[PDB]
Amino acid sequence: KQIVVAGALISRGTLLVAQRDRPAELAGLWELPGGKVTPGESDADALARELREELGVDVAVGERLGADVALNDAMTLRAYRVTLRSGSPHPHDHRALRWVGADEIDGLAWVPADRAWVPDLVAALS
């Protein structure tokens, strides 16, 4: 299974969430940003690559956040905690970004795959 890595960036007590712009089925819905791992890459290398590209930030990749999610037969989604080293997030590849607190998490229009992490994200912001 191809791995997709996603980042739960928590900064000053809030969580970054990113509103997708593609494809049509996901455009308008919110995610933990990330992307596919390239063969040869560690999860950490891939996720730091994706978040530099998409958000314009340098992050450190930490512990897992929640469990693996099955996208399809081919693909598995994995979330990690990440923390900021340098830079401020900007939506280079998204419709919008939003910093949310615990009480906002379950109200967001999540990408259905990511919605699985809602209890984990609420816990992390407890």
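Don't overthink the numbering: it's just position in the shown sequence, from 1.
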| item | value |
| --- | --- |
| Higher-B stretch (mean Cα B-factor, as the entry records it), 102 to 110 or 16 to 24 | 102 to 110 |
| Mean temperature factor over C-alpha atoms, higher-scoring stretch between 81 to 89 and 35 to 43 | 35 to 43 |
| Candidate residues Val61, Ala67, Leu97, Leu51, the one whose C-alpha B factor the record puts highest | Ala67 |
| Where the record places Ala8 (Cα B-factor, split into thirds across the chain) | lowest |
| Where the record places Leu71 (Cα B-factor, split into thirds across the chain) | highest |
